[PDB]
4 protein chains.
Amino acid sequence: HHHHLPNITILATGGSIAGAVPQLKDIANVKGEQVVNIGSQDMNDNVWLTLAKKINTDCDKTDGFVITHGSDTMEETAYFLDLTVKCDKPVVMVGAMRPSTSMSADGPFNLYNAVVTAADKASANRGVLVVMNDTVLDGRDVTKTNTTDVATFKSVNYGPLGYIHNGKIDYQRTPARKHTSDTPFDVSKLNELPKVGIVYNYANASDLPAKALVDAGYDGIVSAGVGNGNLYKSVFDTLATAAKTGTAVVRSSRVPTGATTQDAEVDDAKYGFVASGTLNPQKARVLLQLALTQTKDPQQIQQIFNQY
Amino acid sequence: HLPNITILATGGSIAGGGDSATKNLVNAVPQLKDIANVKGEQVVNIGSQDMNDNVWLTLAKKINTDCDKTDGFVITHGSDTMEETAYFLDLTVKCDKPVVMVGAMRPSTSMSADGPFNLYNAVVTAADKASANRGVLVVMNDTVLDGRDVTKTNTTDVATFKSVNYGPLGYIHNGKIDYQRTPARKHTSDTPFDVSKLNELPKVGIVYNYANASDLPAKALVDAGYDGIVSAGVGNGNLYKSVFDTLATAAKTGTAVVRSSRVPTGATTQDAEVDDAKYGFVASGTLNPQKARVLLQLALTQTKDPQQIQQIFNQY
Amino acid sequence: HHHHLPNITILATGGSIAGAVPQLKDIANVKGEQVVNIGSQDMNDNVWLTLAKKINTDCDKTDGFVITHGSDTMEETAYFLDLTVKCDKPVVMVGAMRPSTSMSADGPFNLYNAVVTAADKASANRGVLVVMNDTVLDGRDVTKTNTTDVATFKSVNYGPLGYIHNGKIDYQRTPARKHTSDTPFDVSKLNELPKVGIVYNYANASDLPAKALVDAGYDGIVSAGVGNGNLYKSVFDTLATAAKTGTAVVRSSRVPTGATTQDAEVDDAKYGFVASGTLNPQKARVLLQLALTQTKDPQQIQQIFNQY
Amino acid sequence: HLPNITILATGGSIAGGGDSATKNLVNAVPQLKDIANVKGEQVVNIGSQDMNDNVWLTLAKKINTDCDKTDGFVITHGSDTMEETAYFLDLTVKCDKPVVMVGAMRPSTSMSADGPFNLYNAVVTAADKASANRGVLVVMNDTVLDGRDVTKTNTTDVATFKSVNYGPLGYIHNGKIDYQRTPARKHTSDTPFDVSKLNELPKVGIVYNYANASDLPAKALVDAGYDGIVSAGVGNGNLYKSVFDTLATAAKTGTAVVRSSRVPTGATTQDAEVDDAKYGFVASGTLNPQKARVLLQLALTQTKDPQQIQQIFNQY
């Protein structure tokens with residue numbers, strides 16, 4: 001029985017991350033589309049919606065997706081797609097911490113291993129994935145850990161799903177949080193997403209950013225609080241008042257690992273707030289936006305934040 | 001002959017016990033009697049999530065005024081913003097005697113409360129002659145950490161405090177420190193920041209970057225006339241287009257603008273994907289956003305010139 | 001319906017780690033047995049066999065086990081029990097990096113959370129566990145990372161299974177490697193375990209340790225090699241010769257994280273060696289001993305090392 | 001005017017390419033021409049899993065002999081044992097010019113090979129005036145690491161090399177280094193170890209601890225008359241009873257015995273669960289077993305007295 005290489009679609013959102021990688025046509029039949037071409041620091045709602053509708057639409061036509069993405073916001077898009085993709089085939093985002101034209105450019109081998117991952121039958125049903133520096137990382141926990149390191153992407157709370165050696169993956173973990181077709185989030189018909197902004201906390205923090213998003217009518221605000229999701233008093237006060245009038249308010253934390261818990265120093269039930277768990281501010285944003293498509297009920301949003 | 005150690009408290013008790021009435025931290029931790037002569041003062045009482053410029057100015061004046069009246073300082077402080085105060089004092093304290101900050105990640109009435117042993121080791125540190133001229137320090141989880149790099153890495157772990165870029169100065173075992181490192185960046189009496197005469201600090205605020213980021217936080221700070229704005233950028237200090245547009249205007253209209261990053265480690269570098277000179281921005285290096293705010297505030301007490309601010313950010 | 005606290009047995013192998021913790025009788029009905037009393041640096045085969053036979057024997061009589069253990073070798077016993085326990089109820093090992101009589105002693109809260117973990121219905125079917133510093137860690141990957149830190153125990157390759165806040169656990173992972181009742185390893189009738197020793201590699205490494213265990217007739221030798229399971233030439237040569245005459249030889253690595261892979265710089269098939277994967281030397285020992293109770297066939301031992 | 005950098009190769013090529021015949025590392029990495037004047041020498045050709053005392057003695061003599069003939073040194077070396085050679089040279093090199101070691105975790109013919117950029121940054125380091133008097137260095141993955149603390153933390157990761165106890169000295173961005181740290185432990189010309197006249201080194205071997213550990217490795221080293229034995233202990237240097245019994249006899253019968261630990265970070269401390277003075281042991285501190293072996297070997301060229309060995313282990 002002859003060998004039959006799987007069909008992998010590469011959806012590009014930005015420039016090239018290798019530049020191509022000839023060794024790919026030994027492990028797969030690759031076709032490419034350019035969906036957008038933006039620096040990922042300009043990543044946005046409309047790109048997310050395109051990617052989710054594109055993956056869900058083209059599911060039938062291929063064996064897996066690799067998405068090439070700037071590293072800056074890959075962790076946000078990864079998680080959005082983790083929640084909105086309904087396609088049962090592997091979806092593997094990949095990027096490069098050194099540019100394709102650089103010495104020891106890292107994109108070529110990351111792309112190789114991204115395709116390996118996307119062709120591996122064992123990668124399906126693990127959620128949307130991020131493959132970087134020989135590692136398969138779940139889209140929920142993966143975050144950018146260092147501003148330059150090639151090893152920067154890590155799942156800082158629950159670890160990676162497997163490591164990649166010589167084109168093979170040893171999977172020892174899968175995320176237990178509900179993803180992809182187990183979520184109720186369906187963007188197939190949405191033209192926009194609810195407006196969710198992020199305010200930082202720190203000593204002497206001004207409440208003017210919070211007030212501005214409130215006055216703008218934002219659907220939700222994520223607080224990147226201090227410690228275990230705590231807020232500077234003025235920020236607290238502004239966000240407490242907004243919640244009494246329907247603004248969703250998720251307490252996250254600027255602290256780079258660890259859950260922002262319930263039943264700690266903030267009485268969320270009293271105040272109408274939601275605890276983000278291990279979702280960092282930009283990740284809590286992704287889930288809050290998608291939550292607000294179902295409900296503005298803070299008890300139900302908290303539930304969503306305990307399931308997804 | 002034991003060193004005199006002053007304890008400046010800014011909140012609740014880091015350690016409990018020993019308070020039973022015959023008819024207070026040196027009772028909670030009786031073994032302080034073995035290593036120092038401890039006197040305490042309550043400077044303020046607040047949770048550190050409410051920390052503010054006024055407390056900072058108080059602490060630095062208190063230490064610089066009372067330097068000659070003691071051999072070292074321990075500051076008990078909430079853990080949420082400890083890393084911001086430690087860097088502030090690291091730049092404003094002119095006393096070369098050790099200033100050690102400590103807190104607790106478990107409340108003082110809880111099983112396996114960490115405050116009691118933390119306070120002990122912080123006094124050990126404050127009392128070690130070798131701790132002098134290392135800058136302001138944070139002592140947590142058996143570890144001496146420099147006030148510049150130290151940061152809270154985890155929301156609940158007792159080991160949360162780490163110097164995530166250049167690592168600790170020394171470890172504490174059995175009341176002794178093996179220092180193998182000292183911060184090269186200029187601190188305490190090698191900085192020009194003098195806050196002895198200041199009743200306030202320049203308004204500096206922080207905005208976050210993420211996909212689809214609103215410019216409304218940045219614009220709100222511009223409308224209030226903030227003297228500086230720290231961007232918590234994505235990756236190496238990069239900016240969402242709308243935030244970029246607003247800060248680019250701000251830098252040319254009197255606002256000092258510093259690119260840091262939301263990424264928890266690594267420098268936001270010059271000569272990367274933002275032409276800082278074109279835009280009048282300053283890059284924060286390894287200073288995360290809250291730490292960058294500290295140096296930008298004090299930078300603005302000396303200058304508004306973005307090139308002088310960048311040299312400051314390359315030195316302190 | 002009144003509350004009914006679960007019955008947790010604490011098997012002690014050494015001194016006290018708290019000293020007791022009254023808050024335990026709010027979350028469980030605790031009974032204690034002393035199985036042995038040794039410093040865990042003298043941990044041994046006979047203690048392991050006792051613990052496995054005791055857990056399997058007393059399964060019916062309780063709702064979960066907590067085992068208090070010295071921290072030095074907890075990661076070895078944890079993994080042994082991970083492979084030999086057949087009891088479907090939680091088995092949670094716990095220890096203390098500061099002694100019970102010390103300031104801010106860590107044992108009392110570790111023991112609390114060990115019991116929480118052992119009483120949590122969600123902890124069952126996750127393998128044998130290690131609970132340390134608010135964290136639930138799987139017995140296979142957990143290792144001692146620092147010589148003194150209270151946070152020392154971490155699953156350095158695949159991360160922890162959940163974190164413990166306010167007596168509750170958020171499980172987001174479970175180990176995929178086969179454990180407990182999914183292994184064929186049955187020590188219920190064994191009086192001894194096959195002899196497996198560990199040799200270190202380094203520059204100018206003497207082959208005399210390897211030779212001594214060979215000459216002693218050791219059933220298996222684990223090499224704590226350098227890098228990706230490589231060996232100093234003289235150690236290599238001695239171990240190659242022993243394998244030709246039936247000695248099992250597993251290539252592990254002194255390097256503290258990362259798999260010792262197959263298909264790298266050693267041709268294991270040629271030489272009769274087995275790659276340890278992410279099992280560090282002392283962990284590879286545990287699995288090799290148990291492997292040699294089934295087989296001396298290096299291809300089958302390699303398979304075991306890819307399944308357990 | 002560019003610094004002269006000598007490259008001592010101990011194995012294969014760290015970088016390939018540029019070798020096409022008109023009818024070699026400065027061709028593989030043409031951009032060396034921009035930062036230094038590179039001359040190469042092949043000292044030995046071996047995989048570093050086979051590294052040995054003879055290579056060590058060669059490298060230290062070569063650097064100390066040719067110090068005056070160049071401005072700095074880069075040593076390309078296999079990654080398996082790099083951390084052992086870097087510490088050896090850190091104690092035996094008397095040239096204060098930078099000695100930078102580099103290797104590669106991906107082979108030089110592989111996708112995204114790391115050697116080419118590693119060699120570049122190692123030359124950057126060797127060529128930076130600020131890299132002098134910091135001891136022998138390892139430059140991997142954009143990071144200057146001190147030869148004492150640096151270690152291989154992961155079997156395959158390109159970022160494997162870390163100073164797991166006290167952290168890096170500086171990071172490399174765009175051919176520049178921001179040094180914020182320097183090792184306090186005494187190195188290079190501040191040590192008494194002089195190997196200029198030595199054709200061999202004292203026999204020092206390593207034994208592992210684990211449950212049910214055989215004493216046969218330890219006894220085998222005792223039977224061969226080894227001058228030292230490093231224990232890779234469990235936890236804080238603790239010993240399995242049978243290994244303990246054998247090393248306790250060994251320490252009183254002429255064998256130097258050093259307690260290190262298999263645990264990948266933290267010190268094996270004095271004044272813990274082993275009475276070192278009772279037994280004539282020495283504690284290795286933060287030196288893992290292979291690094292402890294290095295200093296014990298060189299310690300034994302000066303003394304067999306366990307108390308003098310412990311002071312050495314407290315100083316270097």
# chains A, B, ... in the order shown; residues from 1 in each chain; ligands from 1
call {"tool": "interface_residues", "arguments": {"of": "chain B", "to": "chain C", "cutoff": "8 Å", "atoms": "only C-alpha atoms", "output": "JSON, numbers by chain"}}
result
{"B": [111, 112, 113, 114, 115, 116, 117, 141, 142, 157, 158, 159]}
call {"tool": "write_last_selection", "arguments": {"atoms": "N, CA and C atoms", "output": "short mmCIF file (atom, residue, chain, number, x, y, z; two decimals), in the first residue's frame"}}
result
data_model
loop_
_atom_site.label_atom_id
_atom_site.label_comp_id
_atom_site.auth_asym_id
_atom_site.auth_seq_id
_atom_site.Cartn_x
_atom_site.Cartn_y
_atom_site.Cartn_z
N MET B 111 -3.02 28.13 58.53
CA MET B 111 -2.09 27.02 58.58
C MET B 111 -0.86 27.34 57.74
N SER B 112 0.29 27.05 58.32
CA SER B 112 1.56 27.22 57.63
C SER B 112 1.69 28.63 57.08
N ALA B 113 1.27 29.62 57.88
CA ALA B 113 1.49 31.02 57.54
C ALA B 113 2.97 31.24 57.25
N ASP B 114 3.25 31.98 56.18
CA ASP B 114 4.65 32.20 55.80
C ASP B 114 5.25 33.46 56.44
N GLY B 115 4.42 34.42 56.90
CA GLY B 115 4.95 35.66 57.42
C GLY B 115 5.97 35.52 58.53
N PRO B 116 5.74 34.63 59.51
CA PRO B 116 6.68 34.54 60.63
C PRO B 116 8.11 34.24 60.22
N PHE B 117 8.32 33.24 59.35
CA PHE B 117 9.68 32.96 58.90
C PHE B 117 10.15 34.00 57.90
N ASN B 141 10.53 33.92 50.78
CA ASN B 141 10.71 32.50 50.55
C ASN B 141 12.20 32.13 50.52
N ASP B 142 12.93 32.58 51.55
CA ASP B 142 14.33 32.21 51.81
C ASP B 142 15.30 32.83 50.82
N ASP B 157 1.03 31.44 45.11
CA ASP B 157 2.16 30.64 45.56
C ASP B 157 3.02 31.37 46.59
N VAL B 158 3.38 30.67 47.68
CA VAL B 158 4.29 31.33 48.63
C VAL B 158 5.65 31.67 48.02
N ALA B 159 6.02 31.03 46.92
CA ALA B 159 7.30 31.27 46.28
C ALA B 159 7.20 32.26 45.12
#
call {"tool": "closest_atom_pairs", "arguments": {"of": "chain C", "to": "chain A", "cutoff": "8 Å", "atoms": "only C-alpha atoms", "output": "CSV"}}
result
residue,atom,partner,partner_atom,distance
C:157,CA,A:159,CA,7.2
C:158,CA,A:159,CA,4.9
C:159,CA,A:159,CA,4.3
C:160,CA,A:158,CA,5.7
C:161,CA,A:158,CA,7.0
C:162,CA,A:158,CA,7.6
C:165,CA,A:261,CA,7.6
C:166,CA,A:263,CA,7.7
C:171,CA,A:176,CA,7.6
C:172,CA,A:176,CA,4.8
C:173,CA,A:176,CA,5.9
C:174,CA,A:173,CA,6.6
C:175,CA,A:172,CA,6.0
C:176,CA,A:172,CA,4.8
C:177,CA,A:172,CA,6.3
C:261,CA,A:165,CA,7.6
C:263,CA,A:166,CA,7.7
call {"tool": "write_last_selection", "arguments": {"atoms": "C-alpha atoms", "output": "mmCIF file, in the first residue's frame"}}
result
data_model
loop_
_atom_site.group_PDB
_atom_site.id
_atom_site.type_symbol
_atom_site.label_atom_id
_atom_site.label_comp_id
_atom_site.auth_asym_id
_atom_site.auth_seq_id
_atom_site.Cartn_x
_atom_site.Cartn_y
_atom_site.Cartn_z
ATOM 1 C CA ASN C 157 7.856 18.145 31.774
ATOM 2 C CA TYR C 158 4.039 18.063 31.633
ATOM 3 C CA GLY C 159 2.895 20.302 34.494
ATOM 4 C CA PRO C 160 0.588 19.708 37.440
ATOM 5 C CA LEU C 161 -2.940 18.267 37.421
ATOM 6 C CA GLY C 162 -4.622 21.053 39.407
ATOM 7 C CA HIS C 165 -7.452 27.036 46.616
ATOM 8 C CA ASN C 166 -9.550 27.282 49.784
ATOM 9 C CA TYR C 171 -8.366 19.791 37.715
ATOM 10 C CA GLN C 172 -7.414 20.563 34.139
ATOM 11 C CA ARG C 173 -5.107 17.649 33.376
ATOM 12 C CA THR C 174 -4.702 13.960 33.956
ATOM 13 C CA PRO C 175 -1.706 11.836 32.965
ATOM 14 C CA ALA C 176 -2.153 9.875 29.780
ATOM 15 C CA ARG C 177 0.527 7.329 30.579
ATOM 16 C CA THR C 261 14.664 9.864 23.045
ATOM 17 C CA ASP C 263 16.374 7.672 17.220
#
call {"tool": "residues_around", "arguments": {"residues": "residue 84 of chain C", "least_positions_apart": "2", "cutoff": "7 Å", "atoms": "only C-alpha atoms", "output": "JSON, numbers by chain"}}
result
{"C": [52, 80, 81, 82, 86, 180, 185, 186, 187]}
call {"tool": "write_last_selection", "arguments": {"atoms": "N, CA, C and O atoms", "output": "compact mmCIF listing (two decimals), in the first residue's frame"}}
result
# COMPACT_ATOMS: atom_id res chain seq x y z
N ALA C 52 2.45 -1.04 48.59
CA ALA C 52 1.58 -1.51 47.53
C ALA C 52 0.65 -2.63 48.03
O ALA C 52 -0.56 -2.61 47.75
N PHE C 80 6.53 4.26 41.90
CA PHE C 80 6.32 2.84 42.15
C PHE C 80 4.85 2.56 42.40
O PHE C 80 4.24 1.70 41.74
N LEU C 81 4.26 3.28 43.35
CA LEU C 81 2.85 3.09 43.68
C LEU C 81 1.95 3.42 42.49
O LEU C 81 0.91 2.77 42.30
N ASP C 82 2.34 4.42 41.68
CA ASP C 82 1.63 4.74 40.44
C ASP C 82 1.52 3.52 39.56
O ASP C 82 0.54 3.36 38.82
N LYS C 86 -3.55 -1.04 42.61
CA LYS C 86 -4.72 -1.45 41.84
C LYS C 86 -6.02 -0.94 42.47
O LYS C 86 -7.11 -1.29 42.00
N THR C 180 -1.67 2.47 37.51
CA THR C 180 -2.45 1.72 38.49
C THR C 180 -3.10 0.50 37.84
O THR C 180 -2.39 -0.39 37.39
N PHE C 185 1.67 -4.77 36.15
CA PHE C 185 2.63 -5.00 37.23
C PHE C 185 1.90 -5.33 38.53
O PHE C 185 1.18 -4.48 39.08
N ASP C 186 2.15 -6.53 39.05
CA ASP C 186 1.44 -7.05 40.21
C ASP C 186 2.46 -7.54 41.23
O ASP C 186 3.06 -8.60 41.06
N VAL C 187 2.65 -6.77 42.30
CA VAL C 187 3.63 -7.11 43.32
C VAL C 187 3.00 -7.86 44.49
O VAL C 187 3.69 -8.16 45.47
call {"tool": "interface_residues", "arguments": {"of": "chain B", "to": "chain D", "cutoff": "6 Å", "atoms": "only C-alpha atoms", "output": "MDAnalysis selection string"}}
result
chainID B and resid 166:168 180:181 184
call {"tool": "write_last_selection", "arguments": {"atoms": "C-alpha atoms", "output": "compact mmCIF listing (two decimals), in the first residue's frame"}}
result
# COMPACT_ATOMS: atom_id res chain seq x y z
CA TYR B 166 18.61 38.20 36.26
CA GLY B 167 17.80 36.07 39.34
CA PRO B 168 18.30 36.39 43.09
CA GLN B 180 26.72 35.61 44.82
CA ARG B 181 25.19 38.56 42.94
CA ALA B 184 24.75 46.47 38.39
call {"tool": "residues_around", "arguments": {"residues": "segment 204-217 of chain A", "least_positions_apart": "3", "cutoff": "9 Å", "atoms": "only C-alpha atoms", "output": "MDAnalysis selection string"}}
result
(chainID A and resid 195:201 220:221 223 231:239 242 247) or (chainID B and resid 50:54 204:207 214 216:221 224)
call {"tool": "residues_around", "arguments": {"residues": "residue 302 of chain C", "least_positions_apart": "2", "cutoff": "8 Å", "atoms": "only C-alpha atoms", "output": "PDB file with N, CA, C and O atoms, in the first residue's frame"}}
result
ATOM      1  N   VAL C 274      17.479   0.556  25.984  1.00  0.00           N
ATOM      2  CA  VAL C 274      16.138   1.120  26.021  1.00  0.00           C
ATOM      3  C   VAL C 274      16.245   2.589  26.392  1.00  0.00           C
ATOM      4  O   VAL C 274      16.982   2.950  27.316  1.00  0.00           O
ATOM      5  N   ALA C 275      15.496   3.434  25.676  1.00  0.00           N
ATOM      6  CA  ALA C 275      15.408   4.862  25.968  1.00  0.00           C
ATOM      7  C   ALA C 275      14.342   5.140  27.022  1.00  0.00           C
ATOM      8  O   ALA C 275      13.242   4.589  26.970  1.00  0.00           O
ATOM      9  N   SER C 276      14.661   6.024  27.958  1.00  0.00           N
ATOM     10  CA  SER C 276      13.800   6.208  29.120  1.00  0.00           C
ATOM     11  C   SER C 276      12.702   7.249  28.900  1.00  0.00           C
ATOM     12  O   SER C 276      11.765   7.331  29.708  1.00  0.00           O
ATOM     13  N   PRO C 298      14.631  -6.658  25.574  1.00  0.00           N
ATOM     14  CA  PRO C 298      14.772  -5.195  25.443  1.00  0.00           C
ATOM     15  C   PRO C 298      13.722  -4.528  24.538  1.00  0.00           C
ATOM     16  O   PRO C 298      13.368  -3.372  24.803  1.00  0.00           O
ATOM     17  N   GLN C 299      13.201  -5.208  23.502  1.00  0.00           N
ATOM     18  CA  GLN C 299      12.139  -4.622  22.683  1.00  0.00           C
ATOM     19  C   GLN C 299      10.859  -4.433  23.478  1.00  0.00           C
ATOM     20  O   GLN C 299      10.150  -3.439  23.286  1.00  0.00           O
ATOM     21  N   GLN C 300      10.524  -5.420  24.319  1.00  0.00           N
ATOM     22  CA  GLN C 300       9.363  -5.329  25.199  1.00  0.00           C
ATOM     23  C   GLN C 300       9.563  -4.339  26.337  1.00  0.00           C
ATOM     24  O   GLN C 300       8.604  -3.701  26.773  1.00  0.00           O
ATOM     25  N   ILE C 304       7.217  -1.070  27.139  1.00  0.00           N
ATOM     26  CA  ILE C 304       6.798  -0.665  28.474  1.00  0.00           C
ATOM     27  C   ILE C 304       7.180   0.796  28.741  1.00  0.00           C
ATOM     28  O   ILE C 304       6.391   1.581  29.286  1.00  0.00           O
ATOM     29  N   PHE C 305       8.397   1.181  28.366  1.00  0.00           N
ATOM     30  CA  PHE C 305       8.856   2.554  28.558  1.00  0.00           C
ATOM     31  C   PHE C 305       8.141   3.549  27.642  1.00  0.00           C
ATOM     32  O   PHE C 305       8.208   4.754  27.896  1.00  0.00           O
ATOM     33  N   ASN C 306       7.428   3.078  26.613  1.00  0.00           N
ATOM     34  CA  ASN C 306       6.565   3.929  25.794  1.00  0.00           C
ATOM     35  C   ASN C 306       5.107   3.878  26.223  1.00  0.00           C
ATOM     36  O   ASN C 306       4.299   4.620  25.677  1.00  0.00           O
TER      37      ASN C 306
END
call {"tool": "atom_distance", "arguments": {"atom1": "atom CA of residue 226 of chain D", "atom2": "atom CA of residue 201 of chain D"}}
result
11.1 Å
call {"tool": "atom_distance", "arguments": {"atom1": "atom CA of residue 250 of chain A", "atom2": "atom CA of residue 202 of chain A"}}
result
16.9 Å
call {"tool": "residues_around", "arguments": {"residues": "residue 121 of chain C", "least_positions_apart": "2", "cutoff": "12 Å", "atoms": "only C-alpha atoms", "output": "ChimeraX atom specification"}}
result
/C:6,63-64,88-91,115-119,123-126,168-169,171
call {"tool": "write_last_selection", "arguments": {"atoms": "C-alpha atoms", "output": "short mmCIF file (atom, residue, chain, number, x, y, z; two decimals), in the first residue's frame"}}
result
data_model
loop_
_atom_site.label_atom_id
_atom_site.label_comp_id
_atom_site.auth_asym_id
_atom_site.auth_seq_id
_atom_site.Cartn_x
_atom_site.Cartn_y
_atom_site.Cartn_z
CA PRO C 6 -15.07 10.63 54.09
CA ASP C 63 -12.29 6.27 50.88
CA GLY C 64 -8.70 7.32 50.13
CA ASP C 88 -9.44 2.74 42.37
CA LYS C 89 -9.43 5.30 45.25
CA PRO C 90 -7.15 8.33 45.58
CA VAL C 91 -3.66 7.75 46.90
CA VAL C 115 -6.46 15.10 52.66
CA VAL C 116 -8.64 17.47 50.62
CA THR C 117 -7.17 15.91 47.49
CA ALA C 118 -7.70 12.41 48.84
CA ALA C 119 -11.30 13.15 49.75
CA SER C 123 -9.04 12.87 42.28
CA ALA C 124 -9.81 9.23 41.57
CA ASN C 125 -8.55 7.60 38.36
CA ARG C 126 -5.66 10.09 38.01
CA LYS C 168 -11.01 23.11 46.34
CA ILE C 169 -9.19 21.71 43.32
CA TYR C 171 -8.37 19.79 37.72
#
call {"tool": "residues_around", "arguments": {"residues": "residue 40 of chain A", "least_positions_apart": "4", "cutoff": "8 Å", "atoms": "only C-alpha atoms", "output": "PyMOL selection string"}}
result
chain A and resi 13-14+69-74
call {"tool": "write_last_selection", "arguments": {"atoms": "C-alpha atoms", "output": "mmCIF file, in the first residue's frame"}}
result
data_model
loop_
_atom_site.group_PDB
_atom_site.id
_atom_site.type_symbol
_atom_site.label_atom_id
_atom_site.label_comp_id
_atom_site.auth_asym_id
_atom_site.auth_seq_id
_atom_site.Cartn_x
_atom_site.Cartn_y
_atom_site.Cartn_z
ATOM 1 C CA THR A 13 -2.437 36.143 8.538
ATOM 2 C CA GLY A 14 0.823 38.043 8.081
ATOM 3 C CA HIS A 69 0.602 34.288 12.876
ATOM 4 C CA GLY A 70 2.649 36.995 14.491
ATOM 5 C CA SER A 71 3.771 35.902 17.924
ATOM 6 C CA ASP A 72 2.499 38.997 19.800
ATOM 7 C CA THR A 73 -1.186 38.035 19.891
ATOM 8 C CA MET A 74 -1.055 34.375 18.808
#
call {"tool": "select_by_dssp", "arguments": {"residues": "segment 20-49 of chain A", "states": "strand (DSSP E or B)", "output": "list in words"}}
result
residues 29, 30, 31, 32, 33 and 34 of chain A
call {"tool": "write_last_selection", "arguments": {"atoms": "C-alpha atoms", "output": "PDB file, in the first residue's frame"}}
result
ATOM      1  CA  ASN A  29       0.553  18.116   0.622  1.00  0.00           C
ATOM      2  CA  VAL A  30       0.468  21.789   1.498  1.00  0.00           C
ATOM      3  CA  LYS A  31      -1.778  24.437  -0.047  1.00  0.00           C
ATOM      4  CA  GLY A  32      -1.759  28.023   1.167  1.00  0.00           C
ATOM      5  CA  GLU A  33      -4.201  30.872   1.402  1.00  0.00           C
ATOM      6  CA  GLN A  34      -3.566  34.426   2.564  1.00  0.00           C
TER       7      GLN A  34
END
call {"tool": "decode", "arguments": {"residues": "segment 280-291 of chain C", "atoms": "N, CA and C atoms", "output": "compact mmCIF listing (two decimals), in the first residue's frame"}}
result
# COMPACT_ATOMS: atom_id res chain seq x y z
N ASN C 280 13.42 10.30 34.56
CA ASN C 280 14.74 10.58 35.02
C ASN C 280 15.35 9.30 35.59
N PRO C 281 16.65 9.30 35.86
CA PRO C 281 17.30 8.05 36.23
C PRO C 281 16.57 7.28 37.34
N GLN C 282 16.23 7.95 38.45
CA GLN C 282 15.62 7.21 39.55
C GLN C 282 14.21 6.75 39.19
N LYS C 283 13.52 7.50 38.33
CA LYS C 283 12.21 7.09 37.85
C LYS C 283 12.32 5.93 36.85
N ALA C 284 13.34 5.96 35.98
CA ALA C 284 13.53 4.86 35.05
C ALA C 284 13.87 3.61 35.81
N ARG C 285 14.58 3.75 36.91
CA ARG C 285 14.82 2.58 37.74
C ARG C 285 13.50 1.93 38.14
N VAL C 286 12.55 2.73 38.63
CA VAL C 286 11.30 2.16 39.16
C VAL C 286 10.63 1.33 38.09
N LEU C 287 10.56 1.86 36.88
CA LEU C 287 9.86 1.16 35.80
C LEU C 287 10.66 -0.03 35.28
N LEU C 288 11.99 0.06 35.27
CA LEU C 288 12.80 -1.07 34.85
C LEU C 288 12.69 -2.24 35.81
N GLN C 289 12.76 -1.97 37.11
CA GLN C 289 12.56 -3.04 38.08
C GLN C 289 11.26 -3.76 37.79
N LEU C 290 10.17 -2.99 37.65
CA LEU C 290 8.86 -3.58 37.46
C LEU C 290 8.77 -4.24 36.09
N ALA C 291 9.49 -3.70 35.10
CA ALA C 291 9.52 -4.34 33.79
C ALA C 291 10.17 -5.71 33.87
